[PDB]
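In C-alpha cells, one chain follows: the form deposited in one PDB entry.
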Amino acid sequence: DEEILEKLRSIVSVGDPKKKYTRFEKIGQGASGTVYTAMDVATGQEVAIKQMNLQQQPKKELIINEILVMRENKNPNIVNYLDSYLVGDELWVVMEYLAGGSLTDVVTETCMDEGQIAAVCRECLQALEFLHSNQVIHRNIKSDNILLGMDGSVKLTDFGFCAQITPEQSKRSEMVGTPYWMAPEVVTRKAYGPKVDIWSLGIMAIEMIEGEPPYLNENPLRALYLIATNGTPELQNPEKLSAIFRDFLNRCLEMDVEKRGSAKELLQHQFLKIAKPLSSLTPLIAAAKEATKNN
C-alpha cells in the first residue's frame, strides 16, 4: 500500500539529519537496526538515533504504529521520542539518550541484590501500569529494552511490537515477541491480554537473578517448545531467594491468567517493600561500564 508509505513519509521531519546532528558513535546493532549517539547541532543535546532499514520490515504499518504509540504515550518511565527522518531506504528515530546504558549489561556483568531488583521491578511496573491503563500492550519486555540514567532512572523503550486493545477487541492473537520472554498463552496461540507483559517482566527478574532468561542456550524454536511444555520455569537455585521474592516471581509467572498479577496489583506486592532508592543502581552502572569498556 503506497497509502501506508505515504503516511510514513508525511510523519517524518525533512532536512538532512547528517547535518542536523553530528558526532555519530555506534553503540548498538540489532536486527531492529543500528543505534548511534549524536549531538543536536541546534540544541547541544545528546540524543540516541535508531536507524531502521525499511526493506527489512515488509509490514510498514508496524513502523507507523511504533512512532504513533511512542508520541501518544509519554511517561517518566518511558524513553522520550524526539523526531524521525527518512534517509533513503532507512528510517531514523531520534530519542532521548540515557547514559547509564542497558539493563542487559548490568544483568550479564554484575550480581544485583534483592533491594536493587525490587527497585528496577517497581519502575518497570509503573511503566506497564501506565501503558495498560492506556490500552497498550508492549509484547517485547526484556532487559535489552530497559535503559538506565546516570541518576539511576529506569525507562522502557521499543514500541516496535506493541498492540492497542479496545473494549470491542480486548484480546490479541498474534504470536509476537522474543521467544525466551514470551508468555505461554502467546507461544501456544491462545487469545491473550496485557498480563503477557507481566510474564515477560517475571522472565526479566530471572535475568536479574541468574544472568539469562530460561533456555537461552537453546535455539529460539526449541525455547518455544520448552515454554509450551514446561509452563512456569524453574530456577537453578530457588533456595537462595527470599520467600517474598519467590512469591513475587510466582505471581508474575502464574499459568492461570486470572491468577497472574496485574501491574496495578504487583505494585502493591510485599516484595516491593524492600526496594532501594534508585541511587542504589549507580554502582551497577559503573560496574557494567567497566566490564564492557574494552569489547
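Position 1 is the first residue in the sequence shown; the rest follow in order.
J.: Comparing 261-269 with 55-63, which stretch shows the greater average C-alpha B-factor in the deposited entry?
T.: If you average the C-alpha B-factors of 261-269 and of 55-63, the larger mean comes out for 55-63.
J.: Between 225-233 and 30-38, name whichever shows the higher mean Cα B factor according to the PDB entry.
T.: If you average the C-alpha B-factors of 225-233 and of 30-38, the larger mean comes out for 30-38.
J.: Whose CA atom has the top B-factor in the entry, of 214, 194, 88, 149?
T.: In this record, 88 carries the highest C-alpha B-factor of the candidates.
J.: Within this chain, which third does the Cα B-factor at residue 96 fall in: lowest, middle or highest?
T.: Middle third.
J.: Relative to the other modelled residues of the same chain, rank the CA B-factor of residue 275 and answer lowest, middle or highest third.
T.: Middle third - that is where residue 275 ends up once the chain's C-alpha B-factors are sorted.
J.: Could you place residue 122 in the lowest, middle or highest third of its chain by Cα temperature factor, using the values in the record?
T.: As the PDB entry reports it, the C-alpha B-factor of residue 122 lands in the lowest third of its chain.
J.: Place residue 252 in the lowest, middle or highest third of its chain's C-alpha B-factors, as listed in the PDB entry.
T.: Within its chain, residue 252 is a lowest-third residue by C-alpha B-factor, going by the deposited values.
J.: Divide the modelled residues of the chain into thirds by Cα B-factor and specify which third, lowest, middle or highest, holds residue 163.
T.: It falls in the middle third of the chain.
The same protein also has a form solved in complex with a small molecule, omitted here; what follows describes it.
J.: Based on heavy atom distances of at most 4.5 Å to the small molecule in the deposited complex, which listed stretch, 111-119, 211-219, 187-195, 133-141, is the contact stretch?
T.: In short, 133-141.
J.: In the deposited complex, does each of 183, 200 and 232 have a heavy atom within 4.5 Å of the small molecule?
T.: The answer is no; none of 183, 200 and 232 reaches the small molecule.
J.: Between 241, 249, 70, 257, only one gets a heavy atom within 4.5 angstroms of the small molecule in the deposited complex; which residue is that?
T.: Selected option: 70.
J.: Closest heavy atom of residue 154 to the small molecule in the deposited complex, within 4.5 Å or not?
T.: Close contact is absent here: in the deposited complex, residue 154 is far from the small molecule, nothing within 4.5 Å, heavy atoms only.
J.: Find out whether any non-hydrogen atom of residue 223 is located within 4.5 angstroms of the small molecule in the deposited complex, and reply yes or no.
T.: Heavy-atom contact with the small molecule at 4.5 Å: absent for residue 223.
J.: Indicate whether the small molecule has at least one heavy atom within 4.5 Å of a heavy atom of residue 79 in the deposited complex.
T.: Yes, residue 79 is a contact residue.
J.: Do residue 158 and the small molecule come within 4.5 Å of each other in the deposited complex, heavy atoms counted?
T.: Looking in the deposited complex, residue contacts with the small molecule include residue 158, since a heavy atom lies within 4.5 Å.
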